[PDB]
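Residue numbers are given in PDB author numbering: position 40 of the sequence shown equals residue 290, and the series is strictly consecutive.
The C-beta atom is built at its ideal place from N, Cα and C for all residues, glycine as well.
So the structure is just underneath, and the comments pick up after that.
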Amino acid sequence: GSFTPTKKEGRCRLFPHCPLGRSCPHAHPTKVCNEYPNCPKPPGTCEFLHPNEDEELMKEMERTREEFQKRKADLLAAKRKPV
Ligand SMILES: [Zn+2]
Ligand SMILES: [Zn+2]
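Structural data, given as structure tokens:
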């Protein structure tokens, strides 16, 4: 932990599982970084994605995407059949 009066260095913490992705004040990483691997941001502060540090974050994004795909597969398999 820590006891300093300092504010956040970037990056949202509930993400990808955050409901305010429209008006939330903290950075949702939804794009691959312009300057990776050369980035001065420590792991868990950059506005973008890094296919080495934030590689587990890309896995968490795929996890919620395949969950949402399974929810859409159930919708198209109701009053209708999959094909
Ligand atoms: Zn957020
Ligand atoms: Zn970066």
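Could you tell me which of the options sits nearest to residue i, measuring between CA atoms?
{"i": "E312", "options": "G260, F265, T254 and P255", "result": "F265"}
{"i": "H300", "options": "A327, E316 and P279", "result": "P279"}
Spatial neighbours of residue i within its chain, please: C-beta separation below 8 Å, excluding the five flanking residues on both sides.
{"i": "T314", "result": "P266 and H267"}
Apart from the five residues just before and just after residue i, which ones in its own chain have a Cβ nearer than 7 Å to its Cβ?
{"i": "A277", "result": "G260, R261, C262 and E297"}
{"i": "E310", "result": "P266"}
Anything with a beta carbon under 7 Å from a heavy atom of ligand 1 counts; list them all in chain order. Any residue whose Cβ sits closer than 7 Å to a heavy atom of ligand 1 makes the list: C262, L264, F265, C268, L270, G271, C274, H276 and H278.
query = What residue ranges within the segment 296-329 form continuous alpha helix (DSSP H) runs of no fewer than 4 residues, ordered along the chain?
reply = Every unbroken stretch of the alpha helix (DSSP H) spanning 4 or more residues and falling wholly within the segment 296-329 is given here in chain order: 305-326.
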